[PDB]
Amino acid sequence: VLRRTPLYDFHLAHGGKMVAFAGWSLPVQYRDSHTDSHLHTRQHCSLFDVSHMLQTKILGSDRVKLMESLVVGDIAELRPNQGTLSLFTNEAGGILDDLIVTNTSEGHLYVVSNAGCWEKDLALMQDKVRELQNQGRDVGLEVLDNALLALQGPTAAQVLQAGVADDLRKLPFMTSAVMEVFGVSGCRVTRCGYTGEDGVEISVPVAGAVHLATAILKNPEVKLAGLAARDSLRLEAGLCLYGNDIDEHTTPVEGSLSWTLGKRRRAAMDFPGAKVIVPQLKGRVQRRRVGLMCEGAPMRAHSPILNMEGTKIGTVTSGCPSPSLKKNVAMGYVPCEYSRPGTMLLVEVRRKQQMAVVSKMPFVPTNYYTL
């Protein structure tokens, strides 16, 4: 029933406690508690198996045009092997999914989107490719079979450096390159992550997947990490979790992701939902995504947020205890008046009202490697 990734056995052999996630079998954690796995990631580096995520290639001389007809970013402006976080929007301005798209030098776009949205996402693009060809233009879509690994943390680069002949110091955040990793040729190394720390993601061919993970794991700096730690790290980093912090009813502006909207796109008005989105850039927003902090009982998704008079003003979309801060962190939507960092709010926790404070994101300073 549950789909397996090329590292299935690998997890079972390393104390991986499998669970159902987006129809896949993945380790929620391993031998060490997730809080320890978390802290370990922010001090050394951990290995994440994110092979369940959809990896696609947009081929054709008109690839950029196809992608920009679906996303909000300035894709054309992207330099070779340069990538960015972006969003798929609908005519209403909502978000269909968040993704990372890279303008590779192999004449193709390297797109990576959420595993829980692959059916939605693949149909969306497949349909656009057609619609585009129906208008006489060169474009193609192709799904990758490659496995996907994520090495994240301060010592992550050093570790991978041992198995690559390239100067990782020349691979800045959000750029990638095809290189042979630990013997496995044809790998895609992208300086990106979902942890807030420095790190990379290796798109490796299935045949070499286990070899790569084993090689990487041979280093004493590396420790495997499961879903649980993946989620607590990304929240501290203030990264969105599609389906929770954002969805088809939250616009890029309401979701505090305005920076993803390209400058030219803003001026062109050529992206789905632009009629709605652009006007909001002018403060015309009824709500906004913010970070919350509190003590004691942890704030959970779906919990109401009230002002200090106890009037409901919003809802929590994600929350869990922060290992790096020894407090509870969360994301939610509140009116603009209450989005200023330091704002005092109340959150219904475990049925009771709990005092919380709006925190600037990321809750923990990021360590992205930049030149």
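Start at 1 and count along the sequence shown; that's the residue number.
Averaged over their C-alpha atoms, the temperature factors of 139-147 and 230-238 are higher for 139-147. When 304-312 is weighed against 27-35, 27-35 comes out higher, by mean CA B-factor as recorded in the entry.
Ranking 115, 267, 292, 85 by the C-alpha B-factor listed in the PDB entry places 267 at the top.
Across 200, 257, 222, 95, the entry's maximum B-factor at the CA atom is seen for 222. When the CA B factors of the chain's modelled residues are split into thirds, the value for residue 244 lands in the middle one.
The entry lists a Cα temperature factor for residue 89 that places it in the lowest third of the chain's modelled residues.
Per the PDB record, residue ranking by Cα B-factor puts residue 206 in the middle third of the chain. In this PDB entry, residue 78 carries a Cα temperature factor that places it within the highest third of its chain's modelled residues. Among the modelled residues of the chain, residue 358 sits in the lowest third by CA temperature factor in this PDB entry.
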